[PDB]
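What follows is my_file02.cif (mmCIF, C-alpha atoms and all ligand atoms).
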```cif
data_target
loop_
_atom_site.group_PDB
_atom_site.id
_atom_site.type_symbol
_atom_site.label_atom_id
_atom_site.label_comp_id
_atom_site.auth_asym_id
_atom_site.auth_seq_id
_atom_site.Cartn_x
_atom_site.Cartn_y
_atom_site.Cartn_z
ATOM 1 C CA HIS A 5 1.299 4.870 24.454
ATOM 2 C CA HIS A 6 -1.080 3.766 21.707
ATOM 3 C CA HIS A 7 -4.460 5.129 20.658
ATOM 4 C CA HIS A 8 -6.892 3.436 18.319
ATOM 5 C CA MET A 9 -6.480 4.847 14.804
ATOM 6 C CA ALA A 10 -9.795 5.359 13.007
ATOM 7 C CA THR A 11 -7.777 6.102 9.873
ATOM 8 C CA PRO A 12 -4.050 5.675 9.131
ATOM 9 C CA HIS A 13 -3.610 9.475 9.374
ATOM 10 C CA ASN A 14 -6.050 10.583 12.091
ATOM 11 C CA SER A 15 -6.469 9.493 15.709
ATOM 12 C CA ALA A 16 -9.768 11.329 16.232
ATOM 13 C CA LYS A 17 -12.604 9.083 17.308
ATOM 14 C CA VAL A 18 -15.539 8.766 14.960
ATOM 15 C CA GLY A 19 -17.900 11.589 15.873
ATOM 16 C CA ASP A 20 -15.083 13.903 17.038
ATOM 17 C CA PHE A 21 -15.406 16.072 13.902
ATOM 18 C CA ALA A 22 -18.339 18.373 13.359
ATOM 19 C CA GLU A 23 -20.324 18.079 10.140
ATOM 20 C CA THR A 24 -18.736 21.340 8.927
ATOM 21 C CA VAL A 25 -14.934 21.647 8.734
ATOM 22 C CA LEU A 26 -12.617 24.460 7.698
ATOM 23 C CA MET A 27 -9.269 23.267 6.348
ATOM 24 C CA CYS A 28 -6.079 25.194 5.643
ATOM 25 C CA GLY A 29 -2.720 23.930 4.459
ATOM 26 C CA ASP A 30 -0.731 24.951 7.539
ATOM 27 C CA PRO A 31 -1.577 22.973 10.723
ATOM 28 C CA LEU A 32 -0.233 25.884 12.769
ATOM 29 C CA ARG A 33 -2.868 28.109 11.140
ATOM 30 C CA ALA A 34 -5.521 25.545 12.099
ATOM 31 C CA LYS A 35 -4.376 25.959 15.708
ATOM 32 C CA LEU A 36 -4.577 29.759 15.397
ATOM 33 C CA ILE A 37 -8.127 29.503 14.023
ATOM 34 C CA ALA A 38 -9.190 27.213 16.862
ATOM 35 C CA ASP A 39 -7.517 29.343 19.537
ATOM 36 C CA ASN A 40 -8.845 32.671 18.242
ATOM 37 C CA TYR A 41 -12.295 31.826 16.865
ATOM 38 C CA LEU A 42 -13.623 28.552 18.319
ATOM 39 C CA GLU A 43 -15.200 27.981 21.712
ATOM 40 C CA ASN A 44 -15.688 24.619 23.431
ATOM 41 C CA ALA A 45 -12.556 23.622 21.535
ATOM 42 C CA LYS A 46 -10.533 20.424 21.860
ATOM 43 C CA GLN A 47 -7.628 19.126 19.825
ATOM 44 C CA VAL A 48 -8.777 15.906 18.164
ATOM 45 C CA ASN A 49 -5.764 14.971 16.024
ATOM 46 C CA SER A 50 -2.023 15.482 15.925
ATOM 47 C CA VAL A 51 -0.872 12.521 13.806
ATOM 48 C CA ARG A 52 1.949 13.653 11.488
ATOM 49 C CA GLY A 53 1.648 17.075 13.083
ATOM 50 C CA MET A 54 -1.577 17.666 11.137
ATOM 51 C CA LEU A 55 -3.424 19.434 13.935
ATOM 52 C CA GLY A 56 -7.206 19.259 13.997
ATOM 53 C CA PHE A 57 -9.691 20.765 16.436
ATOM 54 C CA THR A 58 -13.418 20.660 17.159
ATOM 55 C CA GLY A 59 -15.529 23.254 18.925
ATOM 56 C CA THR A 60 -18.253 25.775 18.130
ATOM 57 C CA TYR A 61 -18.512 29.090 16.313
ATOM 58 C CA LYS A 62 -21.425 31.190 17.593
ATOM 59 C CA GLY A 63 -22.863 28.032 19.122
ATOM 60 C CA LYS A 64 -22.767 25.882 15.966
ATOM 61 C CA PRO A 65 -20.441 22.830 15.828
ATOM 62 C CA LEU A 66 -17.365 23.510 13.706
ATOM 63 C CA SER A 67 -14.005 21.802 13.227
ATOM 64 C CA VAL A 68 -10.757 23.090 11.727
ATOM 65 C CA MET A 69 -7.815 21.009 10.533
ATOM 66 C CA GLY A 70 -4.693 21.306 8.452
ATOM 67 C CA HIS A 71 -4.506 19.553 5.089
ATOM 68 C CA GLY A 72 -0.829 19.907 4.080
ATOM 69 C CA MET A 73 0.381 20.973 0.639
ATOM 70 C CA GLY A 74 -0.810 19.491 -2.638
ATOM 71 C CA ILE A 75 -3.655 17.455 -4.078
ATOM 72 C CA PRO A 76 -2.440 14.071 -2.723
ATOM 73 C CA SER A 77 -2.279 15.423 0.838
ATOM 74 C CA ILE A 78 -5.701 17.095 0.881
ATOM 75 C CA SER A 79 -7.142 14.022 -0.834
ATOM 76 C CA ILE A 80 -6.090 11.771 2.053
ATOM 77 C CA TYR A 81 -7.469 14.056 4.745
ATOM 78 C CA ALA A 82 -10.718 15.012 2.975
ATOM 79 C CA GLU A 83 -11.516 11.460 1.848
ATOM 80 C CA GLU A 84 -11.186 10.396 5.488
ATOM 81 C CA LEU A 85 -13.310 13.272 6.786
ATOM 82 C CA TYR A 86 -16.187 12.617 4.384
ATOM 83 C CA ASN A 87 -15.994 8.813 4.608
ATOM 84 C CA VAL A 88 -15.008 7.866 8.178
ATOM 85 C CA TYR A 89 -15.936 11.056 10.021
ATOM 86 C CA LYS A 90 -19.204 11.633 8.097
ATOM 87 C CA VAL A 91 -18.460 15.301 7.445
ATOM 88 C CA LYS A 92 -20.988 17.076 5.219
ATOM 89 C CA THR A 93 -19.270 20.364 4.295
ATOM 90 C CA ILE A 94 -15.601 21.310 3.923
ATOM 91 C CA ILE A 95 -14.447 24.848 3.163
ATOM 92 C CA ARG A 96 -10.811 25.217 2.239
ATOM 93 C CA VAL A 97 -9.427 28.463 3.614
ATOM 94 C CA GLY A 98 -6.229 29.024 1.703
ATOM 95 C CA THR A 99 -3.671 31.375 0.243
ATOM 96 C CA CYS A 100 -2.904 31.810 -3.437
ATOM 97 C CA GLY A 101 -1.034 33.699 -6.107
ATOM 98 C CA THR A 102 -2.665 35.504 -8.994
ATOM 99 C CA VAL A 103 -1.827 36.335 -12.610
ATOM 100 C CA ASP A 104 -4.997 38.316 -13.224
ATOM 101 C CA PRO A 105 -4.263 41.988 -13.985
ATOM 102 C CA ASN A 106 -7.402 43.026 -12.069
ATOM 103 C CA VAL A 107 -6.676 40.943 -8.956
ATOM 104 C CA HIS A 108 -4.370 42.400 -6.327
ATOM 105 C CA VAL A 109 -2.388 41.162 -3.360
ATOM 106 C CA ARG A 110 -4.596 40.968 -0.222
ATOM 107 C CA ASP A 111 -7.740 40.298 -2.308
ATOM 108 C CA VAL A 112 -10.136 37.606 -1.117
ATOM 109 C CA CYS A 113 -11.009 35.079 -3.834
ATOM 110 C CA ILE A 114 -14.083 32.829 -3.709
ATOM 111 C CA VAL A 115 -13.564 29.803 -5.963
ATOM 112 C CA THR A 116 -16.316 28.528 -8.253
ATOM 113 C CA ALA A 117 -14.261 25.759 -9.933
ATOM 114 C CA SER A 118 -10.592 24.812 -10.225
ATOM 115 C CA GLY A 119 -8.419 23.639 -13.083
ATOM 116 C CA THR A 120 -5.367 21.461 -12.551
ATOM 117 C CA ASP A 121 -2.294 19.814 -14.031
ATOM 118 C CA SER A 122 -2.947 16.716 -11.893
ATOM 119 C CA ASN A 123 -4.290 13.439 -13.310
ATOM 120 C CA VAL A 124 -6.537 12.665 -10.349
ATOM 121 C CA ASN A 125 -9.792 13.829 -11.953
ATOM 122 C CA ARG A 126 -9.162 12.239 -15.337
ATOM 123 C CA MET A 127 -8.716 8.997 -13.412
ATOM 124 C CA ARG A 128 -12.215 9.417 -11.948
ATOM 125 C CA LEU A 129 -14.038 10.107 -15.235
ATOM 126 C CA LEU A 130 -12.658 7.605 -17.788
ATOM 127 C CA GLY A 131 -9.871 9.968 -18.847
ATOM 128 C CA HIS A 132 -12.219 12.847 -19.682
ATOM 129 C CA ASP A 133 -12.509 16.432 -18.388
ATOM 130 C CA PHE A 134 -14.140 16.440 -14.933
ATOM 131 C CA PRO A 135 -14.519 20.025 -13.628
ATOM 132 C CA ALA A 136 -13.596 20.371 -9.980
ATOM 133 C CA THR A 137 -16.638 22.431 -9.045
ATOM 134 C CA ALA A 138 -17.560 24.107 -5.772
ATOM 135 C CA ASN A 139 -21.030 23.523 -4.365
ATOM 136 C CA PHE A 140 -23.331 26.433 -5.232
ATOM 137 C CA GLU A 141 -24.802 26.774 -1.731
ATOM 138 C CA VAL A 142 -21.278 27.023 -0.310
ATOM 139 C CA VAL A 143 -20.175 29.614 -2.879
ATOM 140 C CA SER A 144 -23.350 31.600 -2.228
ATOM 141 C CA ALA A 145 -22.892 31.470 1.537
ATOM 142 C CA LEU A 146 -19.343 32.826 1.167
ATOM 143 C CA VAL A 147 -20.444 35.586 -1.221
ATOM 144 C CA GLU A 148 -23.344 36.641 0.972
ATOM 145 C CA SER A 149 -21.265 36.586 4.151
ATOM 146 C CA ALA A 150 -18.641 38.855 2.573
ATOM 147 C CA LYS A 151 -21.397 41.224 1.411
ATOM 148 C CA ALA A 152 -22.889 41.443 4.908
ATOM 149 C CA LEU A 153 -19.384 42.117 6.278
ATOM 150 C CA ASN A 154 -18.706 44.769 3.582
ATOM 151 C CA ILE A 155 -15.550 42.916 2.455
ATOM 152 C CA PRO A 156 -14.972 42.971 -1.337
ATOM 153 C CA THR A 157 -14.318 39.661 -3.051
ATOM 154 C CA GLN A 158 -13.272 38.253 -6.396
ATOM 155 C CA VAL A 159 -15.371 35.292 -7.563
ATOM 156 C CA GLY A 160 -14.108 32.888 -10.211
ATOM 157 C CA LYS A 161 -11.831 30.047 -11.224
ATOM 158 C CA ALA A 162 -8.748 28.753 -9.440
ATOM 159 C CA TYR A 163 -5.917 26.635 -10.841
ATOM 160 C CA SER A 164 -4.491 23.901 -8.594
ATOM 161 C CA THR A 165 -0.967 22.920 -9.591
ATOM 162 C CA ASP A 166 1.195 20.018 -8.475
ATOM 163 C CA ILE A 167 4.316 22.187 -9.013
ATOM 164 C CA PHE A 168 4.847 25.262 -6.859
ATOM 165 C CA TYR A 169 8.153 25.970 -8.644
ATOM 166 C CA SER A 170 6.801 26.192 -12.164
ATOM 167 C CA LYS A 171 9.148 26.095 -15.154
ATOM 168 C CA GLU A 172 6.290 26.048 -17.680
ATOM 169 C CA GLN A 173 6.459 28.643 -20.454
ATOM 170 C CA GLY A 174 3.114 30.093 -21.463
ATOM 171 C CA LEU A 175 1.156 28.922 -18.406
ATOM 172 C CA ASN A 176 0.711 32.337 -16.801
ATOM 173 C CA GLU A 177 -0.361 33.908 -20.084
ATOM 174 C CA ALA A 178 -3.039 31.241 -20.632
ATOM 175 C CA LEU A 179 -4.290 31.498 -17.049
ATOM 176 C CA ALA A 180 -4.612 35.273 -17.492
ATOM 177 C CA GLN A 181 -6.278 34.984 -20.908
ATOM 178 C CA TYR A 182 -9.078 32.882 -19.414
ATOM 179 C CA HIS A 183 -9.412 34.899 -16.191
ATOM 180 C CA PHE A 184 -8.223 32.371 -13.636
ATOM 181 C CA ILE A 185 -8.115 34.462 -10.463
ATOM 182 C CA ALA A 186 -6.210 32.190 -8.052
ATOM 183 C CA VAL A 187 -3.217 29.862 -8.337
ATOM 184 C CA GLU A 188 -2.944 27.368 -5.470
ATOM 185 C CA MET A 189 -2.361 23.640 -4.968
ATOM 186 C CA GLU A 190 -5.358 21.850 -3.411
ATOM 187 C CA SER A 191 -8.915 22.872 -4.322
ATOM 188 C CA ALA A 192 -9.149 20.800 -7.533
ATOM 189 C CA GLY A 193 -8.561 17.678 -5.438
ATOM 190 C CA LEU A 194 -11.204 18.535 -2.840
ATOM 191 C CA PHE A 195 -14.293 19.172 -4.968
ATOM 192 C CA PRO A 196 -14.486 15.741 -6.690
ATOM 193 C CA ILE A 197 -14.132 13.927 -3.364
ATOM 194 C CA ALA A 198 -17.078 15.888 -1.994
ATOM 195 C CA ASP A 199 -18.995 14.827 -5.125
ATOM 196 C CA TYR A 200 -18.148 11.149 -4.603
ATOM 197 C CA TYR A 201 -19.679 11.288 -1.104
ATOM 198 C CA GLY A 202 -22.720 13.367 -2.086
ATOM 199 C CA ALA A 203 -21.306 16.120 0.116
ATOM 200 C CA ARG A 204 -20.355 19.783 -0.248
ATOM 201 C CA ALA A 205 -17.148 21.750 -0.606
ATOM 202 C CA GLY A 206 -15.932 25.245 -1.352
ATOM 203 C CA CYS A 207 -12.762 27.311 -1.221
ATOM 204 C CA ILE A 208 -11.821 30.865 -0.286
ATOM 205 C CA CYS A 209 -8.231 32.140 -0.541
ATOM 206 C CA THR A 210 -6.268 35.335 0.028
ATOM 207 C CA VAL A 211 -3.793 36.584 -2.573
ATOM 208 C CA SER A 212 -0.281 36.531 -1.085
ATOM 209 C CA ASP A 213 1.629 37.307 -4.271
ATOM 210 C CA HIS A 214 1.103 38.655 -7.759
ATOM 211 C CA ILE A 215 2.934 36.214 -10.003
ATOM 212 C CA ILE A 216 3.376 38.762 -12.819
ATOM 213 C CA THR A 217 4.233 42.038 -11.069
ATOM 214 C CA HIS A 218 5.978 40.313 -8.119
ATOM 215 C CA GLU A 219 3.982 42.322 -5.577
ATOM 216 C CA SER A 220 3.973 40.422 -2.290
ATOM 217 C CA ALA A 221 1.986 40.926 0.893
ATOM 218 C CA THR A 222 3.992 41.796 3.999
ATOM 219 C CA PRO A 223 3.453 39.738 7.177
ATOM 220 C CA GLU A 224 1.131 42.409 8.573
ATOM 221 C CA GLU A 225 -0.848 42.501 5.319
ATOM 222 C CA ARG A 226 -1.200 38.713 5.307
ATOM 223 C CA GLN A 227 -2.570 38.855 8.864
ATOM 224 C CA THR A 228 -5.179 41.450 7.873
ATOM 225 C CA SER A 229 -6.210 39.541 4.757
ATOM 226 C CA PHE A 230 -6.424 36.328 6.803
ATOM 227 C CA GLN A 231 -8.676 38.066 9.343
ATOM 228 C CA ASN A 232 -11.020 39.160 6.540
ATOM 229 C CA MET A 233 -11.097 35.728 4.896
ATOM 230 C CA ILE A 234 -11.573 33.751 8.098
ATOM 231 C CA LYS A 235 -14.468 35.961 9.234
ATOM 232 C CA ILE A 236 -16.178 35.399 5.874
ATOM 233 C CA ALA A 237 -15.678 31.642 6.133
ATOM 234 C CA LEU A 238 -16.846 31.435 9.750
ATOM 235 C CA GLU A 239 -19.985 33.453 9.068
ATOM 236 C CA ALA A 240 -20.679 31.311 5.995
ATOM 237 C CA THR A 241 -20.685 28.162 8.143
ATOM 238 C CA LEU A 242 -23.747 29.500 9.979
ATOM 239 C CA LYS A 243 -25.679 29.287 6.686
ATOM 240 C CA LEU A 244 -24.500 25.726 5.934
HETATM 241 N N1 LIG A 301 1.780 31.279 -5.779
HETATM 242 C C1 LIG A 301 1.343 30.092 -5.344
HETATM 243 N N2 LIG A 301 1.474 29.013 -6.140
HETATM 244 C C2 LIG A 301 1.029 27.856 -5.670
HETATM 245 N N3 LIG A 301 0.464 27.617 -4.482
HETATM 246 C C3 LIG A 301 0.329 28.680 -3.670
HETATM 247 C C4 LIG A 301 0.755 29.938 -4.063
HETATM 248 N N4 LIG A 301 0.506 30.848 -3.087
HETATM 249 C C5 LIG A 301 -0.032 30.156 -2.117
HETATM 250 N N5 LIG A 301 -0.195 28.806 -2.359
HETATM 251 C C6 LIG A 301 -0.757 27.826 -1.364
HETATM 252 O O1 LIG A 301 0.156 27.705 -0.261
HETATM 253 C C7 LIG A 301 0.898 26.477 -0.402
HETATM 254 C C8 LIG A 301 2.125 26.744 -1.224
HETATM 255 O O2 LIG A 301 2.958 27.697 -0.593
HETATM 256 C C9 LIG A 301 -0.053 25.502 -1.051
HETATM 257 O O3 LIG A 301 -0.759 24.753 -0.062
HETATM 258 C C10 LIG A 301 -0.957 26.398 -1.932
HETATM 259 O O4 LIG A 301 -2.307 25.978 -2.056
HETATM 260 CL CL CL A 302 0.920 5.838 7.899
HETATM 261 CL CL CL A 303 -2.057 32.755 10.153
#
```

Translate the structure described by the file into structure tokens.
Ligand SMILES: Nc1ncnc2c1ncn2[C@@H]1O[C@H](CO)[C@@H](O)[C@H]1O
Ligand SMILES: [Cl-]
Ligand SMILES: [Cl-]
Amino acid sequence: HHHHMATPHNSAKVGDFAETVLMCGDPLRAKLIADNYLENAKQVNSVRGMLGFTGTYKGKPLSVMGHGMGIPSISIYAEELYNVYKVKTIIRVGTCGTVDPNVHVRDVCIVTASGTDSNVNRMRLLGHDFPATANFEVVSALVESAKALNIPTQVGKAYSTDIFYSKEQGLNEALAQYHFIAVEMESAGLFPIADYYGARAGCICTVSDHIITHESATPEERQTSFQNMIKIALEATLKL
């Protein structure tokens, strides 16, 4: 069988995504979000296993889709969502490590901007420094939703690396010196794409591991932190 492909990576028909989309790296987590938090839900994509779904959260249209791991992968999916699917707001709902001595496993981090070791943003701004910056209304909606839910949060910079298995001496010490709160792999690729399209993006992540102390969240602890983060993100969509 053959379906028309609106993009090379997505079989959803134009219009099948809501204007607001949550994205997480793991397509199986996108399915869990749809199954446990969306109503009126339909699967709209499964190309390359990258499951995506559209429904409603408290009556408001909302989609959720996986983005895979790394800047190049999220860039494909987000470019398509903003361009072909006419999405207006994407919130990445992720996991991360931390080096910050005052950030702990299970903490919820709301990202204001993200550094990177990728070249993708230099390529957009004539080789210069282009800060991957979250939209202020999105950051504010996340912060205010967490406050109303009485869930503490850390607010600050992320660092999006191309290399999960770092061999780079001095990186963690510099990240700590400048109070980067989250180490992940995608957000610095998302924010400039939103800018290109005049659209909005943000990111919220839970700390799975402390890169310095080697503390690590158990499976049960990751489920609880996920439940906190996803409720914050879902409630924030109602303000966006
Ligand atoms: N310690 C970490 N370093 C890099 N990426 C991380 C880390 N913890 C979680 N992630 C996120 O999960 C995936 C890597 O396991 C990526 O999609 C990334 O954004
Ligand atoms: Cl392809
Ligand atoms: Cl999960």

As a JSON list (two decimals) with C-alpha atoms, keeping the file's coordinate frame, please: every protein or nucleic acid residue near ligand CL 302 (chain A) (cut-off 10 Å, counting all atoms listed in the file).
```json
[["chain", "number", "residue", "atom", "x", "y", "z"],
["A", 11, "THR", "CA", -7.78, 6.10, 9.87],
["A", 12, "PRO", "CA", -4.05, 5.68, 9.13],
["A", 13, "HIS", "CA", -3.61, 9.48, 9.37],
["A", 14, "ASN", "CA", -6.05, 10.58, 12.09],
["A", 51, "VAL", "CA", -0.87, 12.52, 13.81],
["A", 52, "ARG", "CA", 1.95, 13.65, 11.49]]
```

field: Nearest-residue call for residue 162 of chain A, choices A:227, A:47, A:181, A:102, using all atoms listed in the file
entry: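 Using all atoms listed in the file, residue 162 of chain A sits closest to A:102.
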
- request: Expand the PyMOL selection byres (((chain A and resi 156) around 12) and not hetatm) into the individual residues it matches in the shown file, reporting them as a VMD selection string.
  value: chain A and resid 107 to 108 110 to 114 146 to 155 157 to 159 210 229 232 to 233 236

- request: List all protein, DNA and RNA residues that have an atom no more than 10 Å from any atom of ligand CL 303 (chain A), counting only C-alpha atoms and all ligand atoms, and report them as a PyMOL selection string.
  value: chain A and resi 28+30-37+223+226-231+234

Expected selection as a ChimeraX atom specification for ligand LIG 301 (chain A) within 7 Å, all atoms listed in the file: /A:29,72-74,98-102,165,168,187-190,212-213,215

Hey, can you spit out that residue selection with C-alpha atoms as a PDB file, in the coordinates of the input?
```
ATOM      1  CA  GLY A  29      -2.720  23.930   4.459  1.00  0.00           C
ATOM      2  CA  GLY A  72      -0.829  19.907   4.080  1.00  0.00           C
ATOM      3  CA  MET A  73       0.381  20.973   0.639  1.00  0.00           C
ATOM      4  CA  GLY A  74      -0.810  19.491  -2.638  1.00  0.00           C
ATOM      5  CA  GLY A  98      -6.229  29.024   1.703  1.00  0.00           C
ATOM      6  CA  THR A  99      -3.671  31.375   0.243  1.00  0.00           C
ATOM      7  CA  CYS A 100      -2.904  31.810  -3.437  1.00  0.00           C
ATOM      8  CA  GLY A 101      -1.034  33.699  -6.107  1.00  0.00           C
ATOM      9  CA  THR A 102      -2.665  35.504  -8.994  1.00  0.00           C
ATOM     10  CA  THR A 165      -0.967  22.920  -9.591  1.00  0.00           C
ATOM     11  CA  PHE A 168       4.847  25.262  -6.859  1.00  0.00           C
ATOM     12  CA  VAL A 187      -3.217  29.862  -8.337  1.00  0.00           C
ATOM     13  CA  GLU A 188      -2.944  27.368  -5.470  1.00  0.00           C
ATOM     14  CA  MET A 189      -2.361  23.640  -4.968  1.00  0.00           C
ATOM     15  CA  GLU A 190      -5.358  21.850  -3.411  1.00  0.00           C
ATOM     16  CA  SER A 212      -0.281  36.531  -1.085  1.00  0.00           C
ATOM     17  CA  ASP A 213       1.629  37.307  -4.271  1.00  0.00           C
ATOM     18  CA  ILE A 215       2.934  36.214 -10.003  1.00  0.00           C
TER      19      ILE A 215
END
```

Within 12 Å of residue 134 of chain A using all atoms listed in the file, minus same-chain residues under 5 positions, as number ranges by chain: A: 117-120, 122-129, 192-193, 195-197, 199

Could you tell me which residues the PyMOL selection byres (((chain A and resi 24) around 6) and not hetatm) returns for this structure, as a tab-separated table (two decimals) with C-alpha atoms, in the coordinates of the input?
```
chain	number	residue	atom	x	y	z
A	22	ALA	CA	-18.34	18.37	13.36
A	23	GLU	CA	-20.32	18.08	10.14
A	25	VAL	CA	-14.93	21.65	8.73
A	66	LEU	CA	-17.36	23.51	13.71
A	93	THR	CA	-19.27	20.36	4.30
A	94	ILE	CA	-15.60	21.31	3.92
```

query: Do you know which residues are at most 10 Å from residue 116 of chain A counting all atoms listed in the file, after dropping those on the same chain fewer than 5 positions away, and could you put them as a ChimeraX atom specification?
result: /A:136-140,142-144,159-162,206-208

query: Which is closer to residue 21 of chain A than all the others in A:50, A:67, A:173, A:191, using all atoms listed in the file?
result: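 The answer is A:67, which sits nearest to residue 21 of chain A.
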
- request: Work out how far apart atom CA of residue 200 of chain A and atom CA of residue 20 of chain A are and give it in Å to one decimal.
  value: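 The value is 22.0 Å.
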
- prompt: Counting all atoms listed in the file, what is within 12 Å of residue 177 of chain A, bar same-chain residues fewer than 2 positions away, as a VMD selection string?
  reply: chain A and resid 102 to 105 172 to 175 179 to 184 215 to 216

- request: Measure the distance from atom CA of residue 92 of chain A to atom CA of residue 38 of chain A in Å and round it to one decimal.
  value: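 A separation of 19.4 Å between them.
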
message: Here's the selection I'm unsure about, the PyMOL selection byres (((chain A and resi 10) around 12) and not hetatm); applied to the file above, which residues does it give, as an MDAnalysis selection string?
response: chainID A and resid 7:9 11:20 48:49 51 84:85 87:89

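Note that the spacing between atom CA of residue 240 of chain A and atom CA of residue 145 of chain A amounts to 5.0 Å.
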
Would you list the residues near (-17.0, 29.8, 19.9) (no more than 7 Å away, in the coordinates of the file, using all atoms listed in the file) as an mmCIF file with C-alpha atoms, keeping the file's coordinate frame?
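Saved to point-v6.cif:
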```cif
data_model
loop_
_atom_site.group_PDB
_atom_site.id
_atom_site.type_symbol
_atom_site.label_atom_id
_atom_site.label_comp_id
_atom_site.auth_asym_id
_atom_site.auth_seq_id
_atom_site.Cartn_x
_atom_site.Cartn_y
_atom_site.Cartn_z
ATOM 1 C CA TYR A 41 -12.295 31.826 16.865
ATOM 2 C CA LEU A 42 -13.623 28.552 18.319
ATOM 3 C CA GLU A 43 -15.200 27.981 21.712
ATOM 4 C CA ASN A 44 -15.688 24.619 23.431
ATOM 5 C CA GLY A 59 -15.529 23.254 18.925
ATOM 6 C CA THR A 60 -18.253 25.775 18.130
ATOM 7 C CA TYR A 61 -18.512 29.090 16.313
ATOM 8 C CA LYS A 62 -21.425 31.190 17.593
ATOM 9 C CA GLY A 63 -22.863 28.032 19.122
#
```

message: Could you check the closest approach to residue 121 of chain A for each of A:211, A:109, A:97, A:75 and tell me which residue wins, using all atoms listed in the file?
response: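 For residue 121 of chain A, the nearest of the given residues is A:75.
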
- request: May I ask which of the residues A:163, A:238, A:243, A:91 is the closest one to residue 203 of chain A, counting only C-alpha atoms?
  value: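 Nearest candidate to residue 203 of chain A out of A:163, A:238, A:243, A:91: A:91.
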
Residue with smallest distance to residue 106 of chain A - pool A:178, A:82, A:186, A:130, counting all atoms listed in the file: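 Looking at the shortest contact to residue 106 of chain A, the residue is A:186.
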
Please, what is the axis-aligned box for every listed atom of segment 46-57 of chain A with 8 Å on each side, as centre and edge lengths in Å to one decimal, as lines of an AutoDock Vina configuration file?
```
center_x = -4.3
center_y = 16.6
center_z = 16.5
size_x = 28.5
size_y = 24.2
size_z = 26.7
```

- request: Select, from A:241, A:201, A:78, A:27, the residue with the minimum atom-to-atom distance to residue 65 of chain A, counting all atoms listed in the file.
  value: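 With all atoms listed in the file as the atom set, the closest residue is A:241.
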
Test item: write segment 161-172 of chain A with N, CA and C atoms as an mmCIF file, in the first residue's frame:
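Everything below was put into part.cif:
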```
data_model
loop_
_atom_site.group_PDB
_atom_site.id
_atom_site.type_symbol
_atom_site.label_atom_id
_atom_site.label_comp_id
_atom_site.auth_asym_id
_atom_site.auth_seq_id
_atom_site.Cartn_x
_atom_site.Cartn_y
_atom_site.Cartn_z
ATOM 1 N N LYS A 161 19.921 27.983 31.268
ATOM 2 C CA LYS A 161 20.494 27.555 30.000
ATOM 3 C C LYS A 161 20.659 26.044 29.908
ATOM 4 N N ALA A 162 20.428 25.517 28.712
ATOM 5 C CA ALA A 162 20.803 24.155 28.353
ATOM 6 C C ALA A 162 22.031 24.177 27.447
ATOM 7 N N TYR A 163 22.613 22.995 27.254
ATOM 8 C CA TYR A 163 23.691 22.774 26.299
ATOM 9 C C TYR A 163 23.312 21.551 25.492
ATOM 10 N N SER A 164 23.202 21.725 24.171
ATOM 11 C CA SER A 164 22.819 20.662 23.244
ATOM 12 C C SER A 164 24.069 20.160 22.534
ATOM 13 N N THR A 165 24.469 18.938 22.828
ATOM 14 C CA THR A 165 25.661 18.363 22.233
ATOM 15 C C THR A 165 25.310 17.358 21.141
ATOM 16 N N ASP A 166 26.194 17.300 20.141
ATOM 17 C CA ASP A 166 26.148 16.265 19.119
ATOM 18 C C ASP A 166 26.689 14.924 19.608
ATOM 19 N N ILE A 167 27.371 14.887 20.756
ATOM 20 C CA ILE A 167 28.137 13.720 21.193
ATOM 21 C C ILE A 167 27.680 13.317 22.595
ATOM 22 N N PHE A 168 26.804 12.325 22.661
ATOM 23 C CA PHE A 168 26.392 11.785 23.948
ATOM 24 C C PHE A 168 27.592 11.271 24.732
ATOM 25 N N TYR A 169 28.479 10.528 24.065
ATOM 26 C CA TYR A 169 29.637 9.915 24.720
ATOM 27 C C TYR A 169 30.839 10.856 24.649
ATOM 28 N N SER A 170 30.785 11.888 25.482
ATOM 29 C CA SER A 170 31.806 12.920 25.441
ATOM 30 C C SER A 170 33.151 12.396 25.921
ATOM 31 N N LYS A 171 34.202 12.838 25.237
ATOM 32 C CA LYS A 171 35.590 12.588 25.610
ATOM 33 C C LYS A 171 36.327 13.905 25.830
ATOM 34 N N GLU A 172 35.593 14.983 26.066
ATOM 35 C CA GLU A 172 36.127 16.343 26.008
ATOM 36 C C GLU A 172 36.525 16.842 27.397
#
```
